[PDB]
There are 2 protein chains.
Amino acid sequence: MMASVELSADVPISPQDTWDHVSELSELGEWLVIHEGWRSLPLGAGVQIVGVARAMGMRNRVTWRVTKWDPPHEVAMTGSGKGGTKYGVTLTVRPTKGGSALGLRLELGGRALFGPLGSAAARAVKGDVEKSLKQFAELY
Amino acid sequence: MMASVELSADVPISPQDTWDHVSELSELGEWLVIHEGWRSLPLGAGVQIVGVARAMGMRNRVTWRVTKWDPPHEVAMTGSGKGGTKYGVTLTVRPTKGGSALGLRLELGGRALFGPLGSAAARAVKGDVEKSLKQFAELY
């Protein structure tokens with residue numbers, strides 16, 4: 001189970017400059033709240049690097065992997081955490097009047113959201129889905 | 001903020017029969033764990049109907065609206081709750097050997113997940129995203 005928040009903001013620079021800035025992963029710690037800094041750095045998909053992630057006051061060492069790299073449209077990475085917590089950061093660049101639109105999607109798992117007990121929540125809803133699929137099979 | 005769980009199960013009936021079963025919304029209470037029954041019923045997109053939703057032991061009266069209706073592939077509805085809680089049910093039908101694959105995606109908001117205080121969690125992460133977008137604007 002993953003919970004996502006997606007927010008977009010407009011910036012008066014070219015989609016070129018915006019992409020070149022967000023694609024500068026070394027500078028990610030300058031402005032992305034949840035990235036405190038790296039602990040490992042080449043760039044493209046499959047690149048694996050360890051960083052420190054600050055979410056919800058919990059700080060956790062995460063192994064990030066670039067899952068998508070589409071210049072100059074968008075870059076997306078997912079990461080694994082110590083407690084099996086899952087993270088996702090998806091930055092998109094679109095054109096707009098006056099410049100660009102930068103969209104950040106933040107994805108957190110249950111454990112990264114609430115601790116090792118948000119897994120209780122995740123398990124409950126996953127079991128609801130499992131039971132629904134079964135009852136469907138058993139009735140048709 | 002919305003948290004999603006998506007699980008797929010295989011059923012030995014034709015994609016025809018599977019779609020006709022999941023599209024029978026009156027029978028949704030037969031097998032979908034979170035749908036306890038309706039309180040209102042025509043069918044297609046924009047159709048608005050009130051039902052009772054059981055998620056996480058919390059029972060809440062939800063105004064569901066069919067947001068997507070694609071025979072015989074998939075049907076998707078989102079719903080509003082008393083506390084401003086948000087719900088989403090997305091049932092997809094694909095073909096496979098031996099019959100069909102039925103996929104259920106369940107989407108719950110923070111309040112429907114944890115009560116009026118999961119909104120604290122949602123607000124925290126939404127504010128992280130807002131701050132990140134701002135700091136980006138202020139630095140480029």
# chains A, B, ... in the order shown; residues from 1 in each chain; ligands from 1
>>> interface_residues(of="chain A", to="chain B", cutoff="9 Å", atoms="only C-alpha atoms", output="VMD selection string")
chain A and resid 1 to 13 17 to 18 21 to 22 30 to 34 55 to 56 102 to 110 113 to 114 121 to 122 124 to 126 128 to 137 139 to 140
>>> residues_around(residues="stretch 92-94 of chain A", least_positions_apart="2", cutoff="8 Å", atoms="only C-alpha atoms", output="list in words")
residues 15, 18, 19, 72, 73, 74, 75, 90, 96, 100, 101, 102, 103 and 104 of chain A
>>> calpha_fit_and_write(fixed="chain B", moving="chain A", output="CSV table (one decimal) with N, CA and C atoms, in the first residue's frame")
chain,number,residue,atom,x,y,z
A,1,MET,N,-4.7,13.5,-0.2
A,1,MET,CA,-3.9,12.2,-0.1
A,1,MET,C,-4.7,11.0,-0.1
A,2,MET,N,-4.3,10.0,-1.0
A,2,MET,CA,-5.1,8.8,-1.2
A,2,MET,C,-4.1,7.6,-1.2
A,3,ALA,N,-4.4,6.6,-0.5
A,3,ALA,CA,-3.6,5.4,-0.4
A,3,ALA,C,-4.4,4.3,-1.2
A,4,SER,N,-3.6,3.5,-2.0
A,4,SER,CA,-4.2,2.5,-2.9
A,4,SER,C,-3.6,1.2,-2.7
A,5,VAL,N,-4.5,0.2,-2.9
A,5,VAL,CA,-4.0,-1.2,-2.9
A,5,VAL,C,-4.7,-1.9,-4.2
A,6,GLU,N,-3.9,-2.5,-5.0
A,6,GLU,CA,-4.4,-3.1,-6.2
A,6,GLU,C,-4.0,-4.6,-6.3
A,7,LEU,N,-5.0,-5.4,-6.3
A,7,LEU,CA,-4.7,-6.9,-6.4
A,7,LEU,C,-5.6,-7.5,-7.5
A,8,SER,N,-5.0,-8.4,-8.2
A,8,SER,CA,-5.6,-9.1,-9.3
A,8,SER,C,-5.7,-10.6,-9.0
A,9,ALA,N,-6.8,-11.2,-9.5
A,9,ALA,CA,-7.1,-12.6,-9.3
A,9,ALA,C,-7.7,-13.2,-10.6
A,10,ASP,N,-7.4,-14.5,-10.9
A,10,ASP,CA,-7.8,-15.1,-12.1
A,10,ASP,C,-9.0,-16.0,-11.9
A,11,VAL,N,-9.9,-15.9,-12.9
A,11,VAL,CA,-11.2,-16.6,-12.7
A,11,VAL,C,-11.5,-17.4,-14.0
A,12,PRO,N,-11.9,-18.6,-13.9
A,12,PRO,CA,-12.2,-19.4,-15.1
A,12,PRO,C,-13.6,-19.2,-15.7
A,13,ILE,N,-13.9,-18.0,-16.1
A,13,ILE,CA,-15.0,-17.6,-16.9
A,13,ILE,C,-14.6,-16.6,-17.9
A,14,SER,N,-15.5,-16.4,-18.9
A,14,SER,CA,-15.1,-15.5,-20.1
A,14,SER,C,-15.0,-14.1,-19.6
A,15,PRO,N,-14.2,-13.3,-20.2
A,15,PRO,CA,-14.2,-11.8,-19.9
A,15,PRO,C,-15.6,-11.2,-20.1
A,16,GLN,N,-16.4,-11.8,-21.0
A,16,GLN,CA,-17.8,-11.4,-21.1
A,16,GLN,C,-18.6,-11.6,-19.7
A,17,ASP,N,-18.6,-12.8,-19.2
A,17,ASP,CA,-19.3,-13.1,-17.9
A,17,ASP,C,-18.7,-12.2,-16.8
A,18,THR,N,-17.4,-12.1,-16.7
A,18,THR,CA,-16.8,-11.3,-15.7
A,18,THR,C,-17.2,-9.9,-15.7
A,19,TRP,N,-17.2,-9.3,-16.9
A,19,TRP,CA,-17.6,-7.9,-17.0
A,19,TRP,C,-19.1,-7.7,-16.6
A,20,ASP,N,-19.9,-8.6,-17.1
A,20,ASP,CA,-21.4,-8.6,-16.8
A,20,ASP,C,-21.6,-8.7,-15.3
A,21,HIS,N,-20.8,-9.5,-14.6
A,21,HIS,CA,-21.0,-9.6,-13.2
A,21,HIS,C,-20.5,-8.4,-12.4
A,22,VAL,N,-19.3,-7.9,-12.7
A,22,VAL,CA,-18.8,-6.7,-12.0
A,22,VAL,C,-19.6,-5.5,-12.4
A,23,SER,N,-20.1,-5.4,-13.6
A,23,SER,CA,-21.0,-4.3,-14.0
A,23,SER,C,-22.3,-4.3,-13.3
A,24,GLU,N,-22.8,-5.4,-12.8
A,24,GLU,CA,-24.0,-5.5,-12.0
A,24,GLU,C,-23.8,-4.9,-10.7
A,25,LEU,N,-24.0,-3.6,-10.6
A,25,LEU,CA,-23.6,-2.8,-9.4
A,25,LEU,C,-24.6,-3.2,-8.3
A,26,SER,N,-25.8,-3.5,-8.6
A,26,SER,CA,-26.8,-4.0,-7.5
A,26,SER,C,-26.2,-5.2,-6.8
A,27,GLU,N,-25.5,-6.0,-7.4
A,27,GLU,CA,-24.9,-7.2,-6.8
A,27,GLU,C,-23.5,-6.9,-6.2
A,28,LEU,N,-23.1,-5.7,-6.2
A,28,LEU,CA,-21.8,-5.3,-5.6
A,28,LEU,C,-21.6,-5.8,-4.2
A,29,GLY,N,-22.7,-5.6,-3.4
A,29,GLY,CA,-22.7,-6.0,-2.0
A,29,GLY,C,-22.6,-7.5,-1.8
A,30,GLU,N,-22.8,-8.3,-2.9
A,30,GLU,CA,-22.6,-9.8,-2.7
A,30,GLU,C,-21.2,-10.2,-2.4
A,31,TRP,N,-20.2,-9.4,-2.9
A,31,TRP,CA,-18.8,-9.9,-2.8
A,31,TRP,C,-17.8,-8.8,-2.6
A,32,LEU,N,-18.1,-7.5,-2.7
A,32,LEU,CA,-17.1,-6.5,-2.4
A,32,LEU,C,-17.2,-6.2,-1.0
A,33,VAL,N,-16.0,-6.4,-0.3
A,33,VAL,CA,-16.0,-6.4,1.2
A,33,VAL,C,-16.5,-5.0,1.7
A,34,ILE,N,-16.1,-3.9,1.1
A,34,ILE,CA,-16.3,-2.6,1.6
A,34,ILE,C,-17.7,-2.0,1.3
A,35,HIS,N,-18.5,-2.7,0.4
A,35,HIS,CA,-19.8,-2.3,0.0
A,35,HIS,C,-20.8,-3.1,0.8
A,36,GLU,N,-21.5,-2.5,1.8
A,36,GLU,CA,-22.4,-3.2,2.6
A,36,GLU,C,-23.8,-3.2,2.0
A,37,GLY,N,-24.1,-2.4,1.1
A,37,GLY,CA,-25.4,-2.2,0.5
A,37,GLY,C,-25.7,-0.8,0.0
A,38,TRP,N,-26.7,-0.7,-0.8
A,38,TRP,CA,-27.1,0.6,-1.3
A,38,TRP,C,-28.2,1.3,-0.5
A,39,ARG,N,-28.4,2.6,-0.6
A,39,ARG,CA,-29.4,3.3,0.0
A,39,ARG,C,-30.3,4.1,-1.0
A,40,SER,N,-30.0,3.9,-2.3
A,40,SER,CA,-30.7,4.6,-3.3
A,40,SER,C,-31.2,3.7,-4.4
A,41,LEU,N,-31.3,3.6,-7.9
A,41,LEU,CA,-30.4,2.9,-8.9
A,41,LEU,C,-31.1,2.7,-10.3
A,42,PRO,N,-30.4,3.3,-11.3
A,42,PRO,CA,-31.0,3.3,-12.7
A,42,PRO,C,-31.1,1.8,-13.3
A,43,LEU,N,-27.7,2.9,-16.5
A,43,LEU,CA,-26.4,2.8,-15.8
A,43,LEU,C,-25.2,3.3,-16.7
A,44,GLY,N,-24.3,4.0,-16.2
A,44,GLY,CA,-23.2,4.6,-16.9
A,44,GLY,C,-22.5,5.6,-16.1
A,45,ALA,N,-21.6,6.4,-16.8
A,45,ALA,CA,-20.9,7.4,-16.1
A,45,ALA,C,-21.8,8.5,-15.6
A,46,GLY,N,-21.3,9.3,-14.6
A,46,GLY,CA,-22.1,10.3,-14.0
A,46,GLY,C,-23.2,9.9,-13.1
A,47,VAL,N,-23.6,8.6,-13.1
A,47,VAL,CA,-24.6,8.1,-12.3
A,47,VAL,C,-24.2,8.2,-10.8
A,48,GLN,N,-25.1,8.9,-10.0
A,48,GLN,CA,-24.8,9.2,-8.6
A,48,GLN,C,-25.7,8.4,-7.7
A,49,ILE,N,-25.2,7.6,-6.8
A,49,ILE,CA,-26.0,6.8,-5.9
A,49,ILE,C,-25.3,6.7,-4.5
A,50,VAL,N,-26.1,6.6,-3.5
A,50,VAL,CA,-25.6,6.6,-2.1
A,50,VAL,C,-25.5,5.1,-1.7
A,51,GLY,N,-24.4,4.8,-1.0
A,51,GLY,CA,-24.3,3.4,-0.4
A,51,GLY,C,-23.7,3.5,0.9
A,52,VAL,N,-23.6,2.4,1.6
A,52,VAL,CA,-22.9,2.3,2.9
A,52,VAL,C,-21.6,1.6,2.7
A,53,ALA,N,-20.5,2.2,3.1
A,53,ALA,CA,-19.1,1.7,2.9
A,53,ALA,C,-18.5,1.3,4.3
A,54,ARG,N,-18.0,0.0,4.3
A,54,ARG,CA,-17.3,-0.5,5.5
A,54,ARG,C,-15.9,-0.6,5.2
A,55,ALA,N,-15.1,0.3,5.7
A,55,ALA,CA,-13.6,0.2,5.6
A,55,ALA,C,-13.0,0.4,6.9
A,56,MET,N,-12.1,-0.6,7.3
A,56,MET,CA,-11.3,-0.5,8.5
A,56,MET,C,-12.1,-0.5,9.8
A,57,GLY,N,-13.3,-1.2,9.7
A,57,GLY,CA,-14.2,-1.2,10.8
A,57,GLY,C,-15.0,0.1,10.9
A,58,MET,N,-14.6,1.2,10.2
A,58,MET,CA,-15.5,2.4,10.2
A,58,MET,C,-16.5,2.2,9.1
A,59,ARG,N,-17.8,2.4,9.5
A,59,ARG,CA,-18.9,2.4,8.5
A,59,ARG,C,-19.4,3.8,8.3
A,60,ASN,N,-19.5,4.2,7.0
A,60,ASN,CA,-19.7,5.6,6.6
A,60,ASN,C,-20.6,5.6,5.4
A,61,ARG,N,-21.5,6.5,5.3
A,61,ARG,CA,-22.4,6.6,4.2
A,61,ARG,C,-21.8,7.5,3.1
A,62,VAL,N,-21.6,6.9,1.9
A,62,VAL,CA,-20.8,7.5,0.8
A,62,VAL,C,-21.7,7.8,-0.4
A,63,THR,N,-21.5,8.9,-1.0
A,63,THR,CA,-22.1,9.3,-2.3
A,63,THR,C,-21.2,8.8,-3.4
A,64,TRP,N,-21.4,7.7,-4.0
A,64,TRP,CA,-20.6,7.2,-5.1
A,64,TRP,C,-21.1,7.8,-6.4
A,65,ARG,N,-20.1,8.0,-7.3
A,65,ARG,CA,-20.3,8.4,-8.7
A,65,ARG,C,-19.5,7.6,-9.6
A,66,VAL,N,-20.1,7.0,-10.6
A,66,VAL,CA,-19.4,6.2,-11.6
A,66,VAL,C,-18.6,7.2,-12.5
A,67,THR,N,-17.2,7.1,-12.3
A,67,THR,CA,-16.3,8.0,-13.1
A,67,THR,C,-15.9,7.4,-14.4
A,68,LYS,N,-15.9,6.0,-14.5
A,68,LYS,CA,-15.5,5.5,-15.8
A,68,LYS,C,-16.3,4.2,-16.0
A,69,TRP,N,-16.7,4.0,-17.2
A,69,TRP,CA,-17.6,2.8,-17.6
A,69,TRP,C,-17.1,2.4,-19.0
A,70,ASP,N,-16.3,1.4,-19.1
A,70,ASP,CA,-15.7,0.9,-20.4
A,70,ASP,C,-16.0,-0.6,-20.6
A,71,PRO,N,-17.2,-0.9,-21.1
A,71,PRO,CA,-17.5,-2.3,-21.4
A,71,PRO,C,-16.6,-2.9,-22.5
A,72,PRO,N,-16.1,-4.1,-22.4
A,72,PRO,CA,-16.1,-4.9,-21.2
A,72,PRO,C,-14.8,-4.9,-20.4
A,73,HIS,N,-14.1,-3.7,-20.3
A,73,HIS,CA,-12.8,-3.7,-19.7
A,73,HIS,C,-12.8,-3.2,-18.3
A,74,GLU,N,-13.5,-2.1,-17.9
A,74,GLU,CA,-13.3,-1.7,-16.5
A,74,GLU,C,-14.3,-0.6,-16.1
A,75,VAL,N,-14.6,-0.6,-14.8
A,75,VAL,CA,-15.6,0.3,-14.2
A,75,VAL,C,-14.9,0.9,-13.0
A,76,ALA,N,-15.0,2.2,-12.8
A,76,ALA,CA,-14.4,2.9,-11.7
A,76,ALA,C,-15.3,4.0,-11.1
A,77,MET,N,-15.4,4.0,-9.8
A,77,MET,CA,-16.2,5.0,-9.1
A,77,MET,C,-15.5,5.6,-7.9
A,78,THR,N,-15.7,6.8,-7.7
A,78,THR,CA,-15.2,7.5,-6.5
A,78,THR,C,-16.3,8.0,-5.7
A,79,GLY,N,-16.1,8.2,-4.4
A,79,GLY,CA,-17.2,8.5,-3.4
A,79,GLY,C,-16.7,9.5,-2.4
A,80,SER,N,-17.6,10.3,-1.9
A,80,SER,CA,-17.4,11.3,-0.8
A,80,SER,C,-18.1,10.8,0.5
A,81,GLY,N,-17.4,11.1,1.6
A,81,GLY,CA,-17.9,10.6,2.9
A,81,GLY,C,-18.3,11.8,3.8
A,82,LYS,N,-18.9,11.4,4.9
A,82,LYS,CA,-19.4,12.4,5.9
A,82,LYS,C,-18.3,13.4,6.3
A,83,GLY,N,-17.1,12.8,6.7
A,83,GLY,CA,-16.0,13.7,7.2
A,83,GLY,C,-15.2,14.2,6.1
A,84,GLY,N,-15.7,14.3,4.9
A,84,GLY,CA,-14.9,14.7,3.8
A,84,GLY,C,-13.9,13.6,3.3
A,85,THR,N,-14.2,12.3,3.8
A,85,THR,CA,-13.3,11.2,3.4
A,85,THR,C,-13.6,10.8,1.9
A,86,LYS,N,-12.6,10.4,1.3
A,86,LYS,CA,-12.6,10.0,-0.2
A,86,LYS,C,-12.4,8.6,-0.4
A,87,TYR,N,-13.1,8.0,-1.3
A,87,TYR,CA,-13.0,6.5,-1.6
A,87,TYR,C,-12.9,6.3,-3.1
A,88,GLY,N,-12.4,5.2,-3.5
A,88,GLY,CA,-12.3,4.8,-4.9
A,88,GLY,C,-12.2,3.3,-5.1
A,89,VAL,N,-13.0,2.9,-6.1
A,89,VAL,CA,-13.1,1.4,-6.4
A,89,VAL,C,-12.9,1.3,-7.9
A,90,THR,N,-11.9,0.5,-8.3
A,90,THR,CA,-11.6,0.4,-9.8
A,90,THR,C,-11.4,-1.1,-10.1
A,91,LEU,N,-12.4,-1.6,-10.9
A,91,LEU,CA,-12.5,-3.0,-11.2
A,91,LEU,C,-12.2,-3.1,-12.7
A,92,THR,N,-11.1,-3.9,-13.0
A,92,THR,CA,-10.6,-4.1,-14.4
A,92,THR,C,-10.8,-5.5,-14.8
A,93,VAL,N,-11.1,-5.8,-16.1
A,93,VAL,CA,-11.2,-7.1,-16.7
A,93,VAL,C,-10.2,-7.2,-17.8
A,94,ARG,N,-9.3,-8.2,-17.7
A,94,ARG,CA,-8.4,-8.5,-18.8
A,94,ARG,C,-8.5,-10.0,-19.2
A,95,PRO,N,-8.1,-10.4,-20.4
A,95,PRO,CA,-8.2,-11.8,-20.8
A,95,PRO,C,-6.9,-12.5,-20.4
A,96,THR,N,-7.0,-13.8,-20.1
A,96,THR,CA,-5.9,-14.7,-19.7
A,96,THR,C,-6.3,-16.1,-20.0
A,97,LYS,N,-5.2,-17.0,-20.0
A,97,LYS,CA,-5.4,-18.4,-20.3
A,97,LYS,C,-6.3,-19.0,-19.2
A,98,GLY,N,-7.3,-19.8,-19.6
A,98,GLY,CA,-8.3,-20.3,-18.7
A,98,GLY,C,-9.5,-19.4,-18.5
A,99,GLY,N,-9.4,-18.1,-18.9
A,99,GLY,CA,-10.5,-17.2,-18.7
A,99,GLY,C,-10.1,-15.7,-18.5
A,100,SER,N,-10.3,-15.1,-17.4
A,100,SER,CA,-10.2,-13.7,-17.2
A,100,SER,C,-9.3,-13.4,-16.0
A,101,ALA,N,-8.8,-12.2,-15.9
A,101,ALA,CA,-8.2,-11.6,-14.8
A,101,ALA,C,-9.0,-10.4,-14.3
A,102,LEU,N,-9.4,-10.4,-13.1
A,102,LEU,CA,-10.2,-9.3,-12.4
A,102,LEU,C,-9.3,-8.6,-11.5
A,103,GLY,N,-9.1,-7.3,-11.7
A,103,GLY,CA,-8.2,-6.5,-10.8
A,103,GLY,C,-9.1,-5.5,-10.0
A,104,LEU,N,-8.9,-5.5,-8.7
A,104,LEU,CA,-9.6,-4.5,-7.9
A,104,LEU,C,-8.5,-3.6,-7.3
A,105,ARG,N,-8.7,-2.3,-7.5
A,105,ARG,CA,-8.0,-1.2,-6.9
A,105,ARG,C,-8.9,-0.5,-5.9
A,106,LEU,N,-8.4,-0.5,-4.6
A,106,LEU,CA,-9.1,0.2,-3.5
A,106,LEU,C,-8.3,1.4,-3.1
A,107,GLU,N,-9.0,2.6,-3.0
A,107,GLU,CA,-8.3,3.8,-2.7
A,107,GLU,C,-9.1,4.5,-1.6
A,108,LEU,N,-8.3,4.8,-0.5
A,108,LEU,CA,-8.9,5.4,0.7
A,108,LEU,C,-8.2,6.7,1.0
A,109,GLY,N,-8.9,7.7,1.5
A,109,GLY,CA,-8.3,8.9,2.0
A,109,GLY,C,-7.7,8.7,3.4
A,110,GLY,N,-7.1,9.8,3.9
A,110,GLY,CA,-6.5,9.7,5.2
A,110,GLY,C,-7.6,9.6,6.3
A,111,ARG,N,-8.7,10.3,6.2
A,111,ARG,CA,-9.7,10.3,7.2
A,111,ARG,C,-10.5,8.9,7.1
A,112,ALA,N,-10.8,8.4,6.0
A,112,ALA,CA,-11.4,7.1,5.9
A,112,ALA,C,-10.4,6.0,6.3
A,113,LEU,N,-9.1,6.3,6.4
A,113,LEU,CA,-8.1,5.3,6.8
A,113,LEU,C,-8.0,5.3,8.3
A,114,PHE,N,-7.9,6.5,8.9
A,114,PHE,CA,-7.5,6.6,10.3
A,114,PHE,C,-8.5,7.4,11.2
A,115,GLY,N,-9.5,8.1,10.6
A,115,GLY,CA,-10.3,9.0,11.4
A,115,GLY,C,-9.9,10.4,11.1
A,116,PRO,N,-10.6,11.3,11.8
A,116,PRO,CA,-10.3,12.8,11.5
A,116,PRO,C,-8.9,13.2,11.8
A,117,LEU,N,-8.1,12.3,12.2
A,117,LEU,CA,-6.7,12.6,12.6
A,117,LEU,C,-5.7,12.1,11.6
A,118,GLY,N,-6.0,11.2,10.7
A,118,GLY,CA,-5.2,10.9,9.5
A,118,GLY,C,-5.0,12.2,8.6
A,119,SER,N,-5.9,13.1,8.8
A,119,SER,CA,-5.7,14.4,8.1
A,119,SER,C,-4.5,15.1,8.5
A,120,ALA,N,-4.0,14.9,9.8
A,120,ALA,CA,-2.7,15.4,10.2
A,120,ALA,C,-1.6,14.9,9.4
A,121,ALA,N,-1.6,13.6,9.2
A,121,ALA,CA,-0.6,12.9,8.3
A,121,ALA,C,-0.7,13.5,6.9
A,122,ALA,N,-1.9,13.5,6.3
A,122,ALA,CA,-2.0,14.1,4.9
A,122,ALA,C,-1.5,15.5,4.8
A,123,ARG,N,-1.9,16.3,5.8
A,123,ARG,CA,-1.4,17.7,5.8
A,123,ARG,C,0.1,17.8,5.9
A,124,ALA,N,0.7,17.0,6.7
A,124,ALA,CA,2.2,17.0,6.9
A,124,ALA,C,2.8,16.8,5.5
A,125,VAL,N,2.4,15.7,4.8
A,125,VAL,CA,3.1,15.4,3.6
A,125,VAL,C,2.8,16.4,2.5
A,126,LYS,N,1.5,16.8,2.4
A,126,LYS,CA,1.1,17.9,1.5
A,126,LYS,C,2.0,19.1,1.7
A,127,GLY,N,2.2,19.5,2.9
A,127,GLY,CA,3.0,20.6,3.2
A,127,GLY,C,4.5,20.4,2.8
A,128,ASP,N,5.0,19.2,3.0
A,128,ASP,CA,6.3,18.9,2.4
A,128,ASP,C,6.4,19.2,0.9
A,129,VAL,N,5.4,18.7,0.2
A,129,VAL,CA,5.4,18.9,-1.3
A,129,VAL,C,5.3,20.4,-1.6
A,130,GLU,N,4.4,21.1,-0.9
A,130,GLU,CA,4.3,22.6,-1.1
A,130,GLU,C,5.6,23.3,-0.9
A,131,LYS,N,6.3,23.0,0.2
A,131,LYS,CA,7.6,23.6,0.5
A,131,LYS,C,8.6,23.3,-0.5
A,132,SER,N,8.6,22.0,-1.0
A,132,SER,CA,9.6,21.7,-2.0
A,132,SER,C,9.4,22.5,-3.3
A,133,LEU,N,8.1,22.6,-3.7
A,133,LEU,CA,7.8,23.4,-4.9
A,133,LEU,C,8.3,24.8,-4.7
A,134,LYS,N,7.9,25.4,-3.6
A,134,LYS,CA,8.3,26.8,-3.3
A,134,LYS,C,9.9,26.9,-3.4
A,135,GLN,N,10.6,26.2,-2.5
A,135,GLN,CA,12.1,26.3,-2.5
A,135,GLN,C,12.6,26.1,-3.9
A,136,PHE,N,12.0,25.3,-4.7
A,136,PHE,CA,12.5,25.2,-6.1
A,136,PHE,C,12.3,26.6,-6.8
A,137,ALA,N,11.1,27.2,-6.7
A,137,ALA,CA,10.9,28.5,-7.3
A,137,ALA,C,11.9,29.5,-6.8
A,138,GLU,N,12.1,29.6,-5.5
A,138,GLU,CA,13.0,30.5,-4.8
A,138,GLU,C,14.4,30.3,-5.2
A,139,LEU,N,14.8,29.1,-5.6
A,139,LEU,CA,16.2,28.9,-6.0
A,139,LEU,C,16.5,28.9,-7.5
A,140,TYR,N,15.4,28.9,-8.3
A,140,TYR,CA,15.6,28.9,-9.8
A,140,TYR,C,14.6,29.9,-10.5
>>> select_by_dssp(residues="stretch 11-83 of chain A", states="alpha helix (DSSP H)", output="PyMOL selection string")
chain A and resi 15-22
>>> write_last_selection(atoms="C-alpha atoms", output="short mmCIF file (atom, residue, chain, number, x, y, z; two decimals), in the first residue's frame")
data_model
loop_
_atom_site.label_atom_id
_atom_site.label_comp_id
_atom_site.auth_asym_id
_atom_site.auth_seq_id
_atom_site.Cartn_x
_atom_site.Cartn_y
_atom_site.Cartn_z
CA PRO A 15 11.07 23.90 -19.62
CA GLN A 16 14.73 23.48 -20.59
CA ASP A 17 16.08 25.14 -17.44
CA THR A 18 13.47 23.46 -15.23
CA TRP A 19 14.35 19.97 -16.48
CA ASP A 20 18.08 20.66 -16.20
CA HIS A 21 17.55 21.76 -12.59
CA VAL A 22 15.37 18.86 -11.44
#
>>> select_by_dssp(residues="chain B", states="strand (DSSP E)", output="NGL selection string")
:B and (2-11 or 35-38 or 48-55 or 58-70 or 74-80 or 86-96 or 99-109)
>>> write_last_selection(atoms="C-alpha atoms", output="mmCIF file, in the first residue's frame")
data_model
loop_
_atom_site.group_PDB
_atom_site.id
_atom_site.type_symbol
_atom_site.label_atom_id
_atom_site.label_comp_id
_atom_site.auth_asym_id
_atom_site.auth_seq_id
_atom_site.Cartn_x
_atom_site.Cartn_y
_atom_site.Cartn_z
ATOM 1 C CA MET B 2 -5.060 8.786 -1.224
ATOM 2 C CA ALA B 3 -3.618 5.353 -0.416
ATOM 3 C CA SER B 4 -4.218 2.550 -2.916
ATOM 4 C CA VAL B 5 -4.043 -1.246 -2.925
ATOM 5 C CA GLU B 6 -4.355 -3.085 -6.236
ATOM 6 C CA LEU B 7 -4.748 -6.866 -6.384
ATOM 7 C CA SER B 8 -5.593 -9.123 -9.333
ATOM 8 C CA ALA B 9 -7.127 -12.606 -9.329
ATOM 9 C CA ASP B 10 -7.752 -15.129 -12.103
ATOM 10 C CA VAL B 11 -11.209 -16.588 -12.743
ATOM 11 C CA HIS B 35 -19.806 -2.270 0.046
ATOM 12 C CA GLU B 36 -22.447 -3.207 2.633
ATOM 13 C CA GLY B 37 -25.429 -2.246 0.466
ATOM 14 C CA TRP B 38 -27.099 0.650 -1.306
ATOM 15 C CA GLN B 48 -24.761 9.155 -8.610
ATOM 16 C CA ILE B 49 -25.958 6.762 -5.893
ATOM 17 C CA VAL B 50 -25.594 6.594 -2.111
ATOM 18 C CA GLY B 51 -24.296 3.447 -0.434
ATOM 19 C CA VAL B 52 -22.887 2.264 2.883
ATOM 20 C CA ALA B 53 -19.123 1.668 2.921
ATOM 21 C CA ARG B 54 -17.346 -0.504 5.510
ATOM 22 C CA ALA B 55 -13.607 0.190 5.577
ATOM 23 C CA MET B 58 -15.483 2.357 10.195
ATOM 24 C CA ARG B 59 -18.880 2.426 8.514
ATOM 25 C CA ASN B 60 -19.654 5.578 6.576
ATOM 26 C CA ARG B 61 -22.414 6.650 4.177
ATOM 27 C CA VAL B 62 -20.821 7.493 0.834
ATOM 28 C CA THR B 63 -22.112 9.251 -2.281
ATOM 29 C CA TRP B 64 -20.611 7.180 -5.112
ATOM 30 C CA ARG B 65 -20.344 8.448 -8.690
ATOM 31 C CA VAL B 66 -19.403 6.226 -11.638
ATOM 32 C CA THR B 67 -16.345 7.993 -13.073
ATOM 33 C CA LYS B 68 -15.520 5.459 -15.757
ATOM 34 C CA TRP B 69 -17.551 2.831 -17.615
ATOM 35 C CA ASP B 70 -15.741 0.911 -20.386
ATOM 36 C CA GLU B 74 -13.317 -1.708 -16.539
ATOM 37 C CA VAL B 75 -15.572 0.309 -14.231
ATOM 38 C CA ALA B 76 -14.363 2.921 -11.729
ATOM 39 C CA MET B 77 -16.223 4.961 -9.099
ATOM 40 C CA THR B 78 -15.175 7.519 -6.491
ATOM 41 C CA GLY B 79 -17.161 8.522 -3.429
ATOM 42 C CA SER B 80 -17.410 11.274 -0.824
ATOM 43 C CA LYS B 86 -12.619 10.037 -0.153
ATOM 44 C CA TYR B 87 -13.019 6.541 -1.606
ATOM 45 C CA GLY B 88 -12.259 4.847 -4.912
ATOM 46 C CA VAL B 89 -13.059 1.436 -6.413
ATOM 47 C CA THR B 90 -11.558 0.413 -9.760
ATOM 48 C CA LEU B 91 -12.455 -2.994 -11.239
ATOM 49 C CA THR B 92 -10.648 -4.073 -14.412
ATOM 50 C CA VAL B 93 -11.215 -7.088 -16.673
ATOM 51 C CA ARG B 94 -8.399 -8.511 -18.814
ATOM 52 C CA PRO B 95 -8.155 -11.791 -20.762
ATOM 53 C CA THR B 96 -5.910 -14.667 -19.718
ATOM 54 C CA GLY B 99 -10.502 -17.177 -18.672
ATOM 55 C CA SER B 100 -10.189 -13.710 -17.172
ATOM 56 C CA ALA B 101 -8.174 -11.587 -14.764
ATOM 57 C CA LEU B 102 -10.176 -9.319 -12.450
ATOM 58 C CA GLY B 103 -8.242 -6.497 -10.807
ATOM 59 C CA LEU B 104 -9.573 -4.511 -7.859
ATOM 60 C CA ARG B 105 -7.953 -1.211 -6.876
ATOM 61 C CA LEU B 106 -9.128 0.201 -3.538
ATOM 62 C CA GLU B 107 -8.348 3.845 -2.730
ATOM 63 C CA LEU B 108 -8.919 5.385 0.704
ATOM 64 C CA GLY B 109 -8.255 8.890 1.980
#
